[PDB]
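**Student:** The structure under discussion is supplied below as structure tokens; questions concerning it will follow.
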């Protein structure tokens with residue numbers, strides 16, 4: 001059965017990720033917290049990708065996520081997966097160094113605004129709200 005996304009489903013896909021700005025040492029950001037937040041972001045973006053795919057499977061011409069938005073969702077999924085892999089590989093006392101904490105915070109971790117921008121762009125593509 002064909003089923004497309006409403007504004008309520010997209011709002012139900014929103015998630016808030018902890019802000020790690022300014023945490024630049026291992027005593028201020030544990031690998032467990034980084035792992036938990038990266039897992040949160042990964043799971044949320046996976047659900048978002050699956051929901052977008054199911055929406056577009058309906059093949060309703062005026063209720064379509066643009067290919068650009070689909071690609072952006074896939075790229076954000078890749079970023080979240082890379083962040084989770086980075087934390088998992090470097091969680092130990094030996095590998096979770098200040099340099100790796102700074103690398104995670106500045107380059108790897110997913111931020112709430114990225115997911116929210118993706119969802120709002122999806123809303124625009126579907127002419128919702």
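Just so it is clear, none of the values below were taken in a lab; they were calculated from the coordinates. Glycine also receives a Cβ, built like all others from the backbone with ideal geometry; neighbour counts cover every protein chain displayed.
**Student:** I need the full set of residues from the stretch 83-122 which are more than 21 Å from residue 69 (Cβ to Cβ) and part of a loop (DSSP other than H, G, I, E, B), in order please.
**Tutor:** 90, 91, 92, 93, 94, 95, 96, 97, 109
**Student:** Follow-up. Give me a count of the residues in the stretch 12-36 that are in contact (Cβ under 8 Å) with a residue 24 or more places away in the chain, within 19 Å of the chain's Cα centre (by Cα) and either farther than 19 Å from residue 48 by Cβ or not in a loop (DSSP other than H, G, I, E, B) (or both).
**Tutor:** The number of residues fulfilling the criteria is 7.
**Student:** Could you tell me which of the residues 48, 65 is in a loop (DSSP other than H, G, I, E, B) and surrounded by 13 or more Cβ atoms within 10 Å (Cβ to Cβ)? Break it down into steps so the answer makes sense when it comes.
**Tutor:** On the way: 48 fails: in a loop (DSSP other than H, G, I, E, B).
On inspection, the qualifying residue turns out to be 65.
The rows are residues; the columns are (1) surrounded by fewer than 15 Cβ atoms within 10 Å (Cβ to Cβ); (2) closer than 30 Å to residue 4 by Cβ; (3) free of Cβ contacts under 8 Å to residues at least 40 places away in the same chain.
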| position | (1), (2), (3) |
| --- | --- |
| 44 | no, yes, no |
| 69 | no, yes, no |
| 79 | no, yes, yes |
| 107 | yes, no, yes |
| 114 | no, yes, yes |
| 126 | no, yes, no |
